[PDB]
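For neighbour counting, all protein chains shown are included, and Cβ atoms are generated from backbone atoms with ideal geometry for every residue, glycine included. FYI, it's all coordinate maths here, none of it is from the lab.
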Ligand SMILES: Nc1ncnc2c1ncn2[C@@H]1O[C@H](COP(=O)(O)OP(=O)(O)O)[C@@H](O)[C@H]1O
Ligand SMILES: [Mg+2]
């Protein structure tokens, strides 16, 4: 039996695997502090692994084994630079925009604020100014220009 | 059997021959302290 989720480490050194709803669920899989220590897992890590039905007196299924972390084999977890330790730089890879239902918006944005990778951007508008619709256009344009980029909304 | 000591063979334990059920009746409560009501909760904050 296989389960998957995102790692959420508790105060007590153990964690749970969550679903898209991003909360506590009945189907979350227990992860012992051990597995965390061997695989050097961290909060937000995506864990997939074969699980078993919980034993009697157990309320949550337990991850018998870890197969992949963040879609890659667990070994790279032990030896990797920590995110906090990554060298920040300026956004050096522009992302050019277009969305078919409104190319006016995307082209104006490109002419107004070209987008790069690592961008810390903001759109500022009063209520009812298309900010939501503009964000929709950006989502659509990124899902056409940069499918490789993990698009989280 | 020294002064009034009684020596017993094992069998009376092998047989269900001297036993009773003892009943214990514990109790607790939560209060609303001016420092803060004492929630009856499952939480042990610190360690385990
Ligand atoms: N590019 C657009 N074309 C047509 N209608 C728009 C456009 N941008 C905004 N609107 C209209 O403005 C209203 C508010 O847009 P939206 O950004 O979704 O809400 P808010 O800006 O209040 O969060 C919507 O009802 C929408 O019909
Ligand atoms: Mg809005």
Practice problem: Scan region B:22-48 and report the pairs whose first residue is within 14 Å of another protein chain (Cβ to nearest Cβ) and whose second residue is part of a loop (DSSP other than H, G, I, E, B), with Cβ atoms within less than 7 Å and a gap of 6+ or a chain change. | Solution: B:48/A:12
Practice problem: Go through A:123, A:115, A:138, A:152 for me and flag whichever is away from ligand 2 (no atom under 16 Å from the Cβ) and in contact with a helix residue (DSSP H, G or I) (Cβ under 8 Å, 6 or more places away or on another chain). | Solution: A:115
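Looking at region A:65-92 only, could you name the residues that are more than 21 Å from residue A:4 (Cβ to Cβ), in contact with a strand residue (DSSP E or B) (Cβ under 9 Å, 6 or more places away or on another chain) and surrounded by fewer than 11 Cβ atoms within 10 Å (Cβ to Cβ)?
Of everything in region A:65-92, those that are more than 21 Å from residue A:4 (Cβ to Cβ), in contact with a strand residue (DSSP E or B) (Cβ under 9 Å, 6 or more places away or on another chain) and surrounded by fewer than 11 Cβ atoms within 10 Å (Cβ to Cβ) turn out to be A:90, A:92.
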Exercise. Give region A:29-64 a look and list any residue that's loosely packed, with under 13 Cβ neighbours inside 10 Å and either part of a strand (DSSP E or B) or on the phi > 0 side of the Ramachandran plot (or both), or say none.
Key: A:44, A:50, A:57
Quiz item: Any idea how many residues of region A:101-131 are within 13 Å of ligand 1 (Cβ to nearest atom) and loosely packed, with under 12 Cβ neighbours inside 10 Å?
Solution: 8
Quiz item: Going by the structure shown, is residue A:67 more than 16 Å from ligand 1 (Cβ to nearest atom) and closer than 27 Å to residue B:48 by Cβ?
Solution: no
Self-check item: Filtered residues of chain B (kept if outside any loop (DSSP other than H, G, I, E, B) and surrounded by 10 or more Cβ atoms within 10 Å (Cβ to Cβ))
Solution: B:12, B:13, B:37
